[PDB]
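Engineer: The structure under discussion is supplied below as structure tokens; questions concerning it will follow.
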Amino acid sequence: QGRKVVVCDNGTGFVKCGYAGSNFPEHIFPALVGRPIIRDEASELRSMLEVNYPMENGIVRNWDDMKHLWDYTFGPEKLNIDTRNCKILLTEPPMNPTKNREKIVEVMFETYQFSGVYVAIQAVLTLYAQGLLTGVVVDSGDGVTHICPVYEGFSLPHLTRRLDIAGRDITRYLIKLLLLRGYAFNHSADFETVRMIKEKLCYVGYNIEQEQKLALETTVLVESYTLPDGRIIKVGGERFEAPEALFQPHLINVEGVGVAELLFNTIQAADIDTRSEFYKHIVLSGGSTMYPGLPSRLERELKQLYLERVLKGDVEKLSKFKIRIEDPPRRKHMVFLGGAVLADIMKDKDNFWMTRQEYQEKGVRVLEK
Amino acid sequence: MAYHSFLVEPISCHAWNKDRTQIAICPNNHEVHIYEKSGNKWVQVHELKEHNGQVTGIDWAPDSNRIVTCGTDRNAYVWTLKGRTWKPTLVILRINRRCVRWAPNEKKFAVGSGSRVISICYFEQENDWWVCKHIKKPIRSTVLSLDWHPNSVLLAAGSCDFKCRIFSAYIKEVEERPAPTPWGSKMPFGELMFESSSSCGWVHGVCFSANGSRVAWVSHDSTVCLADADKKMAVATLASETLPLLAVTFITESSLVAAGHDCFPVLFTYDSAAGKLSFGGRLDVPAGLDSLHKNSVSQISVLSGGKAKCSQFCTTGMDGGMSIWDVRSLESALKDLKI
Amino acid sequence: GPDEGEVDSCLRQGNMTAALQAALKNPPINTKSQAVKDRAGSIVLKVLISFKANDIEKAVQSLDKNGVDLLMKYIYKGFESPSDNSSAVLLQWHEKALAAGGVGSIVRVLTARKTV
Amino acid sequence: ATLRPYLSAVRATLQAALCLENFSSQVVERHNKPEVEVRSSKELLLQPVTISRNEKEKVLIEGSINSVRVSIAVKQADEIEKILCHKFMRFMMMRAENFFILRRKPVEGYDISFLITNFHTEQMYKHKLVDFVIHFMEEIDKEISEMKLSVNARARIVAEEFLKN
Amino acid sequence: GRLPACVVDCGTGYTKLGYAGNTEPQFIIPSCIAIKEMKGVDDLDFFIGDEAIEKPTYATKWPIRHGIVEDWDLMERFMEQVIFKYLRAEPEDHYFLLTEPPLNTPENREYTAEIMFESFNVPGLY
Amino acid sequence: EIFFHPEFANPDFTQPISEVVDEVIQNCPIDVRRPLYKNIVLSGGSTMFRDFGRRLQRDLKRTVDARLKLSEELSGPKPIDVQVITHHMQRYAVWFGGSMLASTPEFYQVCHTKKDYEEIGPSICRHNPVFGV
Ligand SMILES: Nc1ncnc2c1ncn2[C@@H]1O[C@H](COP(=O)(O)OP(=O)(O)OP(=O)(O)O)[C@@H](O)[C@H]1O
Ligand SMILES: Nc1ncnc2c1ncn2[C@@H]1O[C@H](COP(=O)(O)OP(=O)(O)OP(=O)(O)O)[C@@H](O)[C@H]1O
Ligand SMILES: [Ca+2]
Ligand SMILES: [Ca+2]
């Protein structure tokens, strides 16, 4: 009846698009515009192709590339549908400029001439799949690890922090770490390779002292891995020390205190009537939330920063503090599914969605927000 | 006495089909394999790569023809056959942290894990989704082995807390009420009906009888302990000179067979008269090993006959060999073995 | 702990079987005091040390399974303090105990949560 | 003092604490490690047992549900034998990458340390492993003695040759 | 400091040894070592360089195969004679810079480090 | 001539050195490709043969100019500079570079100390710093 609704998440590095209602994404392609100079369709050929990213750290840099990216996202490769005869729902990042949000709908009403549009907050959509009103949505993709606090369907822009450490930075940390270990890899040639190795064997440990101990003393953390060239490398403690920059951002020469310290200093910096509520509902969504062992470390450090500062040494008064974080099994793309749910729910619900006629008559900023 | 060399690595879980026509197993991998039997040689037919880690538990609902599986992937998959492809459905376990078995009712499954909470789970047809309520009362450790009783309302499980408790995971929204059992009258979801008295050794094995009168379990203190509610929940233990047992199952109402780190399937009988357990002996008598499997047994299910009169015993171990046993051949071999 | 005189009488009598059988009575395993456990361990060690080599088989065969486990545990506790060449006698005793109770004895010794 | 029954009780204890199994971490999400090494759960750690054949040479076994750590302190007769033992134990420790049943550092208060993991216990025969330990001890003794004799011989030859010129 | 370090590049077909800072190598020898066809100083009877190519009482062996080392002990003896017999410089009183292949393994670099630091006790290694 | 044509004495090899160098420069980072094609250094004894680098640079620049023309014919490009360097000590360059590195003061700062070797372990020699630029 509504001419097929859809949902598209255009992230920094990985774009995930799926039909509304789908429990997963119906197409997941790498976000990179490629050009030739000689006489997942672009990622296959990158050694001899000039690749560019339209969405830099969440924001769009080159509209001439973003337009073609949209034409390739709605093209006969992944979606294969008419933009003028189908509605859509895009995902936006927290702390985004009003100019960006305006230009988005502007280009979605004029360039693509869509008949339907429905934007929503990624921090809100990520919790929407979990079915909650108040919670902490922390997104760590390839651009930046922004920590957003949501409450009653809204996010305090004065409470939304951000750590400049992303999956790309994890890759660079792993590739830098392996070099010291004795091996040798290139900064640009084996980029995706290093990213894969990190995605595979690397992780985040709970007890850094005990993990370092297990690595130095025992030979149980050391695992082997085969490369594309056929040669094999054996990485040990480098597996965990590389992702450990997520907890302490001083290991990569960055300004900040750490994701755990950021979340904790943003938790105690809330209303005292909401402090016991926001500490019991924290949603983990983003590519960097698939690192085996992040949940335990977050819970532990969050426990530390509310027992050294909130309890101030009081051991007995530590148990009373609620501590419950949920690492969902489908947390890898909660932003997408959360949309795929919303777009399925508000498919034909009243008329709370931007129209083309309302975008052609008047108001490119026709946004009830 | 029919051992089949399938792989070189160890085995995780052993499952069978309704008519025992197909067998399913996992080889400590991110995927689970399903093989059938076409003649003397066996050949693989299905492969499921849904889980994202080493598969720990897997059980197949016979009448329902539907196999559920849950392991290190911190998730559960209620796989059902869809045409020529086994489609898996992600049943949320809701656990922040190694066992699974369907009920006799084949309507809800128990998922005992390291979250110190026996996560029972039924299928809500109202929301077209699986829900998992967690029974965590009086539970201090992971659920090694979980086995149902004939009531399909009371579950038994051994823990790393050196005890084998028999609690109730009865969801009153998926079945009718439960009749009065000898193990108690008050049966509520989360209510602890029974427990062990051991303070040593881990309860790696646990299985209830067919009559539902007695519940036995194997502890890792080189000791096996069977309890009978027929004699006011009397507990009868016995220390084996052999190593610890890993899996425990009953062949008859008074005769059980079990193996483990001893790497050799053993038989035992418990006299209701005196009220004590007795050892039958070594049913598996013949690398360098003196037995079929070159490692410890890891699981032991029943092929056909029931827990009152098993005609064939299926044994999976850490040796990578499928040990198919028969009570008839075993009784024809060892003449000094009273079942 | 155990009683010293009951063992001293059988020791004076020459009947080592009675002394060995009495030394393992009421072992301080549930006890929290390390002194009582040290005393019981030292006592059992003293009992086993004076014993002749060829006669050990009978006395070892006279004990029970639970007693074999308690003796194995006490021997493990005594093994942490090797002195006055008691290690050889404790070794022969460990061999006899191993042959008697099998791997189950030591397994029960390692799996034990409360012991001497 | 020294007997074969010592390495028989050692072999038996090694056989008893080779009953390990794979187990996931209960504290960390999707982590898997040796229980005996980190010692994080007191519920999974068994009572460690020590066996001493003498006041100088002994073997300490610390078992777990998912690990078995065996430390071995060999006999020290002379200073040269001690330096050689340290050097050989170190040389073996460096190749801990090859020996997946040994660890890079020796246990405190022991000569050498080998961590037999549950993963290592699942991909190698327990009987063959016990045999490997026993052979490790007897070979340690014999090889140490042979090395001593060879070294002494070399010193004698060099001294004689230098004196003859 | 006051003295000069030694430089040694072991190639497949020819080994180039000398002192750093010099215009040319102080000794450019062949990559082959003489051996017997064992206890005592049996390892001290080892000849390297050109004086091993055509030995008749001994056997001529090649160590560096395709840039990578195949037999470590032989290369060790060769470096020994290169240090004492060909260079004759105090190892404890001098540093050393060794060359690696393009496909040199990390473990191989580790082993080389072990042989150079533990046996020779070099004051510097690179 | 066996280098310029491997097909002469090897049935299991058909690639000429020109093609090998071309693929090596092309299969690497594009941003450093021009630099790799600019500084082509000959090392080892087997490269001391007369007029080797001349023919090498000839074939390389030939294929390069060809591909450039092909790309400029269908273009609805800048001059690719290529240079094969011939060093004076190209016979033993591997040792020469070492002698030139060890002569600098930085080689005393970069070289792993025996102290660090005994204190930390063999891993101290696992990563050698690069200086001199
Ligand atoms: N198993 C894994 N463990 C840890 N990190 C991973 C894993 N898989 C992918 N990643 C990382 O996640 C990043 C991308 O995640 P994701 O697609 O969820 O965010 P994004 O949409 O690309 O970024 P943003 O939302 O900030 O624009 C990659 O850089 C990758 O390194
Ligand atoms: N005057 C010469 N002109 C050209 N080639 C020569 C000359 N003399 C020797 N060669 C060749 O050079 C080869 C040795 O070269 P080089 O010294 O670069 O290799 P290496 O360093 O010994 O071994 P690797 O290259 O594996 O390190 C010999 O095989 C020989 O055939
Ligand atoms: Ca995202
Ligand atoms: Ca060379």
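In the structure tokens, the first chain shown is A, the next is B, and so on; residue numbers restart at 1 for each chain, and ligands run from 1 in the order shown.
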Given a cut-off of 9 Å, what residues near ligand 1 show up using only C-alpha atoms and all ligand atoms, put as a ChimeraX atom specification?
Structural biologist: /A:9-16,30-31,55-59,92-93,122,139-146,166-171,195-196,198-200,202-203,243,285-292,331-335
Engineer: Select residues of chain E: the criterion is any atom within 7 Å of an atom of chain F, counting only C-alpha atoms; output as a CSV table (one decimal) with C-alpha atoms, in the first residue's frame.
Structural biologist:
chain,number,residue,atom,x,y,z
E,7,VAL,CA,80.5,-5.7,9.4
E,9,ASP,CA,77.1,-9.7,5.1
E,20,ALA,CA,83.0,-0.5,8.9
E,21,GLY,CA,84.3,2.8,7.5
E,106,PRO,CA,61.3,-13.0,12.8
E,109,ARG,CA,66.3,-12.9,13.5
E,110,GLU,CA,65.8,-14.0,17.0
E,113,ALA,CA,70.5,-12.5,18.0
E,114,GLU,CA,70.9,-15.5,20.3
E,122,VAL,CA,79.1,-8.7,21.6
E,123,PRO,CA,78.9,-5.2,23.0
E,124,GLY,CA,76.6,-4.1,20.2
E,125,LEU,CA,74.3,-5.9,17.8
E,126,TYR,CA,72.3,-4.7,14.8
Engineer: Residues at most 10 Å from ligand 4, using only C-alpha atoms and all ligand atoms? Could they come as a PyMOL selection string?
Structural biologist: (chain E and resi 9-16+66-67+99-102) or (chain F and resi 43-46+91-95)
Engineer: Dump as a list in words the residues of chain D that approach chain E to within 8 Å, counting only C-alpha atoms.
Structural biologist: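 Residues of chain D within 8 Å of chain E, counting only C-alpha atoms: residues 150, 151, 153, 154, 157 and 158 of chain D.
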Engineer: Quick one: which residues from chain A are at most 9 Å off chain B, using only C-alpha atoms, as a ChimeraX atom specification?
Structural biologist: /A:295,325-329
Engineer: Work out how far atom CA of residue B:253 is from atom CA of residue B:335, in Å to one decimal.
Structural biologist: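 Rounded to one decimal, the two atoms are 20.4 Å apart.
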Engineer: Report the distance between atom CA of residue A:246 and atom CA of residue A:262 in Å, rounded to one decimal place.
Structural biologist: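 So the two atoms, atom CA of residue A:246 and atom CA of residue A:262, lie 10.8 Å apart.
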Engineer: Using only C-alpha atoms and a cut-off of 9 Å, which residues of chain A sit close to chain F? Please list them as a ChimeraX atom specification.
Structural biologist: /A:37-39,47-50,179-183,186-189
Engineer: Counting only C-alpha atoms, what is within 12 Å of residue F:51, bar same-chain residues fewer than 3 positions away, as a tab-separated table (two decimals) with C-alpha atoms, in the first residue's frame?
Structural biologist:
chain	number	residue	atom	x	y	z
F	1	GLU	CA	70.90	-12.25	-21.93
F	4	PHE	CA	66.27	-10.20	-20.10
F	42	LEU	CA	70.90	-2.43	-8.49
F	47	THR	CA	73.86	-7.02	-11.53
F	48	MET	CA	77.41	-5.82	-12.17
F	54	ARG	CA	70.48	0.32	-19.55
F	55	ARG	CA	68.37	-2.41	-21.15
F	56	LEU	CA	66.25	-2.64	-18.00
F	57	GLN	CA	65.43	1.08	-18.03
F	58	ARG	CA	64.89	0.82	-21.78
F	84	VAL	CA	67.63	2.69	-13.10
F	85	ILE	CA	70.52	3.76	-10.86
F	86	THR	CA	73.97	2.19	-11.18
Engineer: Per residue of chain D within 12 Å of chain B, what are the shortest atom pair and its distance in Å to one decimal, counting only C-alpha atoms, with rows by chain and residue number, as JSON lines?
Structural biologist:
{"residue": "D:12", "atom": "CA", "partner": "B:243", "partner_atom": "CA", "distance": 11.1}
{"residue": "D:13", "atom": "CA", "partner": "B:243", "partner_atom": "CA", "distance": 11.5}
{"residue": "D:15", "atom": "CA", "partner": "B:243", "partner_atom": "CA", "distance": 9.1}
{"residue": "D:16", "atom": "CA", "partner": "B:243", "partner_atom": "CA", "distance": 7.3}
{"residue": "D:17", "atom": "CA", "partner": "B:243", "partner_atom": "CA", "distance": 10.0}
{"residue": "D:18", "atom": "CA", "partner": "B:261", "partner_atom": "CA", "distance": 8.8}
{"residue": "D:19", "atom": "CA", "partner": "B:261", "partner_atom": "CA", "distance": 6.2}
{"residue": "D:20", "atom": "CA", "partner": "B:261", "partner_atom": "CA", "distance": 9.1}
{"residue": "D:21", "atom": "CA", "partner": "B:318", "partner_atom": "CA", "distance": 9.8}
{"residue": "D:22", "atom": "CA", "partner": "B:28", "partner_atom": "CA", "distance": 10.0}
{"residue": "D:23", "atom": "CA", "partner": "B:98", "partner_atom": "CA", "distance": 8.8}
{"residue": "D:24", "atom": "CA", "partner": "B:72", "partner_atom": "CA", "distance": 7.5}
{"residue": "D:25", "atom": "CA", "partner": "B:97", "partner_atom": "CA", "distance": 8.2}
{"residue": "D:26", "atom": "CA", "partner": "B:114", "partner_atom": "CA", "distance": 6.3}
{"residue": "D:27", "atom": "CA", "partner": "B:97", "partner_atom": "CA", "distance": 8.1}
{"residue": "D:28", "atom": "CA", "partner": "B:97", "partner_atom": "CA", "distance": 8.1}
{"residue": "D:29", "atom": "CA", "partner": "B:97", "partner_atom": "CA", "distance": 6.5}
{"residue": "D:30", "atom": "CA", "partner": "B:72", "partner_atom": "CA", "distance": 6.8}
{"residue": "D:31", "atom": "CA", "partner": "B:72", "partner_atom": "CA", "distance": 9.3}
{"residue": "D:32", "atom": "CA", "partner": "B:72", "partner_atom": "CA", "distance": 9.8}
{"residue": "D:41", "atom": "CA", "partner": "B:141", "partner_atom": "CA", "distance": 10.6}
{"residue": "D:42", "atom": "CA", "partner": "B:161", "partner_atom": "CA", "distance": 10.9}
{"residue": "D:43", "atom": "CA", "partner": "B:161", "partner_atom": "CA", "distance": 7.3}
{"residue": "D:44", "atom": "CA", "partner": "B:160", "partner_atom": "CA", "distance": 7.7}
{"residue": "D:45", "atom": "CA", "partner": "B:201", "partner_atom": "CA", "distance": 10.9}
{"residue": "D:46", "atom": "CA", "partner": "B:201", "partner_atom": "CA", "distance": 9.2}
{"residue": "D:47", "atom": "CA", "partner": "B:200", "partner_atom": "CA", "distance": 11.2}
{"residue": "D:64", "atom": "CA", "partner": "B:202", "partner_atom": "CA", "distance": 11.4}
{"residue": "D:65", "atom": "CA", "partner": "B:202", "partner_atom": "CA", "distance": 9.2}
{"residue": "D:118", "atom": "CA", "partner": "B:10", "partner_atom": "CA", "distance": 11.8}
{"residue": "D:119", "atom": "CA", "partner": "B:10", "partner_atom": "CA", "distance": 10.3}
{"residue": "D:120", "atom": "CA", "partner": "B:9", "partner_atom": "CA", "distance": 11.5}
{"residue": "D:121", "atom": "CA", "partner": "B:295", "partner_atom": "CA", "distance": 9.9}
{"residue": "D:122", "atom": "CA", "partner": "B:10", "partner_atom": "CA", "distance": 6.7}
{"residue": "D:123", "atom": "CA", "partner": "B:9", "partner_atom": "CA", "distance": 6.6}
{"residue": "D:124", "atom": "CA", "partner": "B:9", "partner_atom": "CA", "distance": 9.3}
{"residue": "D:125", "atom": "CA", "partner": "B:295", "partner_atom": "CA", "distance": 7.3}
{"residue": "D:126", "atom": "CA", "partner": "B:295", "partner_atom": "CA", "distance": 7.7}
{"residue": "D:127", "atom": "CA", "partner": "B:289", "partner_atom": "CA", "distance": 8.5}
{"residue": "D:128", "atom": "CA", "partner": "B:287", "partner_atom": "CA", "distance": 9.3}
{"residue": "D:131", "atom": "CA", "partner": "B:288", "partner_atom": "CA", "distance": 11.9}
Engineer: Keeping only C-alpha atoms, take the residues you just selected and write them out as a PDB file, in the first residue's frame.
Structural biologist:
ATOM      1  CA  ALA D  12      50.386 -41.286  38.329  1.00  0.00           C
ATOM      2  CA  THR D  13      49.771 -37.735  39.563  1.00  0.00           C
ATOM      3  CA  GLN D  15      47.815 -39.032  34.825  1.00  0.00           C
ATOM      4  CA  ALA D  16      45.341 -37.825  37.451  1.00  0.00           C
ATOM      5  CA  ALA D  17      45.738 -34.157  36.601  1.00  0.00           C
ATOM      6  CA  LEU D  18      45.517 -34.795  32.865  1.00  0.00           C
ATOM      7  CA  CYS D  19      41.718 -34.911  33.052  1.00  0.00           C
ATOM      8  CA  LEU D  20      41.305 -31.318  31.855  1.00  0.00           C
ATOM      9  CA  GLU D  21      38.596 -30.004  29.523  1.00  0.00           C
ATOM     10  CA  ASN D  22      37.892 -26.878  27.478  1.00  0.00           C
ATOM     11  CA  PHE D  23      36.087 -24.165  29.433  1.00  0.00           C
ATOM     12  CA  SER D  24      35.092 -20.598  28.594  1.00  0.00           C
ATOM     13  CA  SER D  25      35.809 -17.635  30.861  1.00  0.00           C
ATOM     14  CA  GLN D  26      33.039 -16.838  33.334  1.00  0.00           C
ATOM     15  CA  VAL D  27      34.277 -13.296  33.910  1.00  0.00           C
ATOM     16  CA  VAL D  28      35.135 -12.148  30.390  1.00  0.00           C
ATOM     17  CA  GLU D  29      32.767 -12.146  27.416  1.00  0.00           C
ATOM     18  CA  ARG D  30      33.853 -14.680  24.791  1.00  0.00           C
ATOM     19  CA  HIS D  31      37.287 -15.220  26.351  1.00  0.00           C
ATOM     20  CA  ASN D  32      39.011 -18.588  26.784  1.00  0.00           C
ATOM     21  CA  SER D  41      37.977 -18.754  39.906  1.00  0.00           C
ATOM     22  CA  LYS D  42      38.653 -20.460  43.239  1.00  0.00           C
ATOM     23  CA  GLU D  43      35.878 -22.931  42.402  1.00  0.00           C
ATOM     24  CA  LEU D  44      37.807 -24.380  39.449  1.00  0.00           C
ATOM     25  CA  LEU D  45      41.215 -24.639  41.130  1.00  0.00           C
ATOM     26  CA  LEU D  46      42.049 -27.977  42.735  1.00  0.00           C
ATOM     27  CA  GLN D  47      44.394 -28.413  45.698  1.00  0.00           C
ATOM     28  CA  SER D  64      42.693 -27.082  37.106  1.00  0.00           C
ATOM     29  CA  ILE D  65      39.516 -27.877  35.157  1.00  0.00           C
ATOM     30  CA  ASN D 118      43.167 -28.056  28.087  1.00  0.00           C
ATOM     31  CA  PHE D 119      43.563 -27.228  24.409  1.00  0.00           C
ATOM     32  CA  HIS D 120      46.930 -28.984  24.539  1.00  0.00           C
ATOM     33  CA  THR D 121      45.279 -31.848  26.433  1.00  0.00           C
ATOM     34  CA  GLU D 122      42.666 -32.123  23.688  1.00  0.00           C
ATOM     35  CA  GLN D 123      45.114 -32.257  20.759  1.00  0.00           C
ATOM     36  CA  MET D 124      47.663 -34.741  22.120  1.00  0.00           C
ATOM     37  CA  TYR D 125      47.513 -38.139  23.837  1.00  0.00           C
ATOM     38  CA  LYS D 126      47.417 -38.010  27.631  1.00  0.00           C
ATOM     39  CA  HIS D 127      49.366 -41.271  27.863  1.00  0.00           C
ATOM     40  CA  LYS D 128      51.963 -39.963  25.422  1.00  0.00           C
ATOM     41  CA  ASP D 131      55.431 -40.471  28.805  1.00  0.00           C
TER      42      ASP D 131
END
